[PDB]
Amino acid sequence: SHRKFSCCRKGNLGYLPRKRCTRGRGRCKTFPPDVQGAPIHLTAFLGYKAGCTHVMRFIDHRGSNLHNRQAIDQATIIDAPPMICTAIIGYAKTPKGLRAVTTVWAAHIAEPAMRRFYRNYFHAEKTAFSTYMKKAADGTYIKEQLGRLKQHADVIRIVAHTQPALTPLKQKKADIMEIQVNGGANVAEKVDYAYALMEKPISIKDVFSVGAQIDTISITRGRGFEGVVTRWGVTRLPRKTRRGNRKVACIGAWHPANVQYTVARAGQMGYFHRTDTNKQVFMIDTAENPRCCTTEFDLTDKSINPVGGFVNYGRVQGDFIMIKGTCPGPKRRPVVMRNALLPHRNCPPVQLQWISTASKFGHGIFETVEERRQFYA
Amino acid sequence: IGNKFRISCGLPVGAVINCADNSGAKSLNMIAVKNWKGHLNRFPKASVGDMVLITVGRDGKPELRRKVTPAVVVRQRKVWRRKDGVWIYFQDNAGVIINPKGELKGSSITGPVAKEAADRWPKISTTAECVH
Amino acid sequence: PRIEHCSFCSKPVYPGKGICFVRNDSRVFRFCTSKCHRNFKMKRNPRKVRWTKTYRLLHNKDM
Amino acid sequence: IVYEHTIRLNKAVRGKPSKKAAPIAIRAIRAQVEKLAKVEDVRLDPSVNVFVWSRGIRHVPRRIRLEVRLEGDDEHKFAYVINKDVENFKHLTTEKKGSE
RNA sequence: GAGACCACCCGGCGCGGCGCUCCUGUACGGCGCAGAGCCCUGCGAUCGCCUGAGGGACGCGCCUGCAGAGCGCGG
RNA sequence: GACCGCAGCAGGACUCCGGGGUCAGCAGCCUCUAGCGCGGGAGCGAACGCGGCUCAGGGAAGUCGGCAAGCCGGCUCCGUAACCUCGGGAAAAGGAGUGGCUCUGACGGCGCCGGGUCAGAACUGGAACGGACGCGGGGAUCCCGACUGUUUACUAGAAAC
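The rules behind the values
- Residues numbered from 1 in each chain as written, not as in the entry; some residues may be left out.
- Chains lettered and ligands numbered in written order.
- Part of a larger assembly, values for the part shown.
- Heavy atoms only, no water.
- Helix = DSSP H or I, 4+ residues; strand = E, 2+ residues; numbered from the N terminus.
- Buried < 20%, exposed > 50% of the residue type's maximum accessible area, 1.4 Å probe, protein only.
- Contact = heavy atoms within 4.5 Å.
- Areas by Shrake-Rupley, 256 points an atom, 1.4 Å probe, with all protein chains shown as cover.
- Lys, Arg positive; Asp, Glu negative; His and termini not counted.
- Charge placed at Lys NZ, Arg CZ, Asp CG, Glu CD.
- Near = heavy atom within 4 Å.
- Polar contact = N/O pair within 3.5 Å; in protein donor to acceptor, adjacent residues only side chain to side chain.
- Nonpolar A, V, L, I, M, F, W, Y, C, P; charged D, E, K, R; others polar.
- Salt bridge = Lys/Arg side-chain N within 4 Å of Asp/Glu carboxyl O.
- Pairing = 2+ DSSP bridges.
- Axes fitted to C-alpha atoms, helices over the stretch in contact; angles between N-to-C directions.
- Patch = residues over 30% accessible without salt bridge, like charges linked within 9 Å, V, L, I, M, F, W, Y side chains within 5 Å.
- Disulfide = S-S within 2.5 Å.
- Buried area = accessible area lost by both parts, 1.4 Å probe.

### Topic: the overall build of chain A
- Scanning chain A for helices and strands turns up six helices and 17 strands.
- Overall, chain A is about 80 × 70 × 55 Å in size when its C-alpha atoms are taken along their principal axes.
- For chain A, buried positions account for 46% of its 377 residues.
- Sequence separation of at least 24 residues holds for 78% of the intrachain contacts in chain A that already meet a minimum separation of 6.
- As displayed, chain A offers around 20300 Å² of accessible surface, 53% of which is attributable to carbon and sulfur atoms.
- Each charge sign in chain A was given a centre, from 59 positive and 27 negative side chains, and these centres are 17 Å apart.

### With respect to the protein's contact with RNA strand F
- Residues in contact with RNA strand F amount to 30 residues; listed here are only the nearest, A:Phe225, A:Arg246, B:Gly10, B:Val16 and C:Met42.
- When the atoms of RNA strand F within 4 Å of the protein are sorted by group, sugar and phosphate make up 59%.
- The contact in question runs from a sugar or linking oxygen of RNA strand F to an N or O atom on the side chain of A:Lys247, over 3.2 Å.
- Residues of the surface near RNA strand F, tallied by class, amount to ten nonpolar, eight polar and twelve charged.

### With respect to the environment of A:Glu288
Residues and elements named next belong to chain A.
- Tracing the backbone through its elements, the reader meets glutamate 288 in the loop between β14 (273–286) and β15 (319–324).
- The class of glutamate 288 is exposed, set by a relative accessible area of 62%.
- A C-alpha to C-alpha distance of 20 Å links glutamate 288 and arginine 332, two positions 44 residues apart in sequence.

### Re the pattern of salt bridges
Residues and elements named next belong to chain B.
- Applying the stated rule across the entire model yields 24 salt bridges over all chains.
- The closest approach of N and O atoms between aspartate 50 and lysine 4, which form a salt bridge, is 3.4 Å. With a gap of 46 residues between them, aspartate 50 in the loop between β4 (45–46) and β5 (51–56) and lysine 4 in the segment before β1 (11–12) connect regions that are remote in the sequence.
- For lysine 4, a relative accessible area of 28% translates into the label partly exposed.
- A salt bridge links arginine 75 to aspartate 92, with the shortest nitrogen-to-oxygen separation between them at 3.0 Å. Here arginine 75, found in strand β6 (residues 69–75), pairs with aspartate 92, found in the loop between β8 (87–90) and β9 (94–97); they are 17 residues apart in sequence, far enough to count as distant.

### Some details on the protein's contact with RNA strand E
- Close to RNA strand E lie 72 residues, the nearest being A:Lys170, A:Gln171, A:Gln268, D:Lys90 and D:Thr94.
- Within the contact set of RNA strand E, a phosphate oxygen lies 2.8 Å away from a side-chain nitrogen or oxygen of A:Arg116.
- D:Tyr3 places a polar side-chain atom, nitrogen or oxygen, 2.8 Å from a phosphate oxygen of RNA strand E.
- Only α1 (111–116) and α6 (369–376) of chain A, α2 (53–58) of chain C together with β1 (2–8), α1 (9–12) and α2 (21–36) of chain D provide two or more residues apiece to the surface near RNA strand E.
- Per element, the largest residue contribution to the surface near RNA strand E is five residues, and it comes from β1(D).
- Among the residues forming the surface near RNA strand E, the class breakdown is 22 nonpolar, 22 polar and 28 charged.

### Quick look at the sheet that holds strand β2 (residues 16–19) of chain B
Residues and elements named next belong to chain B.
- One closed barrel holds the five strands; their spatial order is β2-β3-β5-β6-β9, and the pairing between them is mixed. Averaged over all neighbouring strand pairs, the angle between strand axes comes to 55 degrees, with direction disregarded.
- Across four bridges, β6 lies against β9 in antiparallel orientation. Among the inter-strand pairings, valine 72 is bridged to a residue of β9, identified as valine 96.

### Some points on a negative patch on the surface
All names here are of chain D.
- On the surface, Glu40, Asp73, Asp74 and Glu75 cluster together into a patch of negative charge.
- Tracing the backbone shows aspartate 74 in the loop between β3 (63–71) and β4 (78–84).
- On the basis of relative accessible area, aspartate 74 is assigned to the exposed category, the value being 62%.

### Topic: the state of the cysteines
Residue and element names in this part refer to chain C.
- In this structure the tally under the stated criterion is five disulfides over all chains.
- Each disulfide pairs two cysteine sulfurs, and for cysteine 6 the partner residue is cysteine 36, the sulfurs being separated by 2.1 Å. Taken together, the residues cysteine 6 in the loop between β1 (4–5) and β2 (12–13) and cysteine 36 in helix α1 (residues 34–41) connect sequence positions 30 residues apart.
- For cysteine 6, a relative accessible area of 5% corresponds to the buried category.
- In this structure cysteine 36 comes out as buried when scored by relative accessible area, which is 0%.

### A closer look at a positive patch on the surface
- On the surface, B:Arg6, B:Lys37, B:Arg42, B:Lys45, B:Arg81 and B:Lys83 cluster together to form a positively charged patch.
- Within the secondary structure, B:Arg6 is located in the segment before β1.

### What about the interface of chain B and chain C?
- The partner chain C presents 14 residues to the 13 residues of chain B that form the contact.
- Carbon and sulfur atoms supply 59% of the area that chain B and chain C bury against each other, a total of about 1100 Å² over both sides.
- When the buried surface of chain B facing chain C is broken down by residue, B:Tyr89, B:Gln91 and B:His132 rank first, second and third, together holding 50% of it.
- In this structure, the connection of chain B to chain C is made through zero salt bridges.
- Across the chain B-chain C interface, the total number found is seven residue pairs in polar contact.

### Some points on the interface of chain A and chain C
- Facing the 14 residues of chain A at the interface are eight residues of chain C.
- When chain A packs against chain C, the two sides together hide about 930 Å² of surface, and 69% of this comes from carbon and sulfur.
- The largest contributions to the chain A side of the interface with chain C come from A:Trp354, A:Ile365 and A:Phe375, which together make up 42% of the buried area.
- For the interface between chain A and chain C, the tally reads zero salt bridges.
- Counting the contacts that link chain A with chain C gives three residue pairs in polar contact.

### Digging into the sheet that holds β3(D)
Residue and element names in this part refer to chain D.
- Taken in spatial order, the four strands of this open sheet run β1-β3-β4-β2, and their pairing is mixed. The open sheet has two edge strands with one neighbour each: β1 and β2 (41–44). Strand after strand, the sheet turns through a mean of 30 degrees between neighbouring axes, direction not considered.
- As judged from the seven bridges shared by β1 and β3, these two strands associate in the antiparallel manner. Paired with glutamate 4 across the two strands is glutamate 67, which belongs to β3.
- Packed on one face of the sheet, α2 meets β1, β2, β3 and β4 and runs near 130 degrees to β2.

This is the structure:
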């Protein structure tokens, strides 16, 4: 018979299988389109989520209740340490798809990138790249490979590594990723721009701009085996239900005689590769700047580091990018950010009058420890 | 009047709310909410500034009783966040009897009234002693 | 920033934090936290509570 | 060689049922001493047992100061741990006070 | 930061301290020209002061201290 | 603690003696004496189940039905309706107080010397007090059987007998 009452299905079948992410970290998959004839630019950067803040901003959305008013919005700070380019890869759009036409590595590769190539650095041969450094280091070998990329490659990407030493996390191995070079007049112009950046730190300020929208890719927080009420959002049965109420009561009809992939079933709940699109960048700045989070309203020193430090993160020693709103994943989890594929056409101009530097550990009443010292005396 | 911003709807159907106006209604039972599409099993929900269909309680004047009447919620005990980050709440859930055209059955409104109700309904703002 | 003050804690409330309650007395009470609120709701007197600045004024700690 | 080491008994029983606090805490002390004195066998003086169970099975004192002495030789190496009584635990950290 | 077990991500871990911050709400004790009174010159619930104290922490920073990377297995 | 149920079976099976505190209590909650640590141990801290605890705002809209939970509850003093076979209803319904200290009255057997109840007053305390525990939610109706009783051991406790 018919369902009797119309109700939607619970969950997106597109996000199945809901399994633990096999990919180690967030992956970019599709980069933003080249738009040939644009300025040459890097489309992606990797950073580690530090934590959220809350900022007061002036809204200029015309046609709104908040036009010419002030709004307090959640902002996520992602600590983005500079990423050193270590290699250039060129792909060709073959009938079988983008196929690599070889990667040319740098003549000198940093120790954090080397650490990625071994399971344990201390107990290792350390033989990786030994022959390559001998073949290279004159630049002649690298130049020949760059020329081969100009002749046969359609898409140029840079391979860069986050330096983990500049971050508070306990890693030591660097996370290495490919950042598509886009906006090139020619493939060879793209190779030349990439070669200039070889063995050279790249910064978020030189990848992304303030007011621009990004897509944040990362594995989400994990909850382990979960029930269908807390995994698929199904209705808990009445409390009279014997044998428990936290379960889908009917897992299918007599026909088909096999449970369907649609029906909700208990399993892994978190650690899923997700993308949060269209998040606007509130501010890109360095923690080294003392007055980075100071505004005309603040009249104090004010820096990204909150009072008491970032809960479950660390001290964000260097450059950071503060986005608007939440990104996937917990604190410390790597978040690859890319230029938005489909940006929200109508986004309010960013004007920030106040950023919360009060303690996120407990309830903070003071933006800066000097104020706390003065109050207590 | 005008687009509203989603707030936390604290009054489900069955909520009996105090009556702030001098309509001689002591309590207003909440039959339903205007502009409510529904989801299976979801009781209609109402917040400040919303037209709800109410029924005057036994305590109310008999002339007003036994009739389904429109009302605007002007106070709610559920805390709600304005886009400015302000979290506000009222001591009691309240309502004023209003016609869809905004006209108020009672001449005056005794008590504090929320900004959202005052802005959505011009007649509420004019009669409100205070708009917190 | 514009900062109010708790009506019980008597401590400055930074923007975006706390709750306001408007009673039938027509007065908006800004509260630092749930503790500032629950102490007020349960009638507990703030000249009894030591941390509140009202006690500190009374015992000369904050004259 | 003698080691004076503080152990936080409240950290050890965290994550474990409160009925099983004191017997878990005794086991935790042996494992921590095994790491501290690098010995396989740890023998606890009845004083260590009396102190841990002083507040019963549910609540263990927050911290214990322990004097652990390496004894034995030729693979008979063992640790004899006695409870030290200290007025407060302030600037207290492990002391390899024992020589030889 | 991940988990039924596994696996995954990381690794000279980690333990105990010192700061910072936050939680609770002013520690024991001493003192007082506080205390209803009483009967004794003693008792006494309480109160103030020292004391936004004391106690705590699983968050951040640091180490001043013990430490910490198999001649284990495959290969 | 050995009896009888296949068993050293969260199953039954007759009596005798019966301390202390809190309390109206042989209640509940701790303890002296005496007995004693039960067909096993660790690790982990998933779903789910079971035995609980709490939950914003609303308050039965859930459901066949408020099932289950929750509310109420000790004592003292107020204050109690219809109806009635005048006995009841009735703890009707509802309210108010309650802790600790420091005192003041009563009440026997006097010089003496016992009492432990019942009042009354100050002073105190985050606006707290039957602070655990024990411990009615209530009101308006209708049907049926007057009532206390009794019953299908092992699916019907009923309006049946």
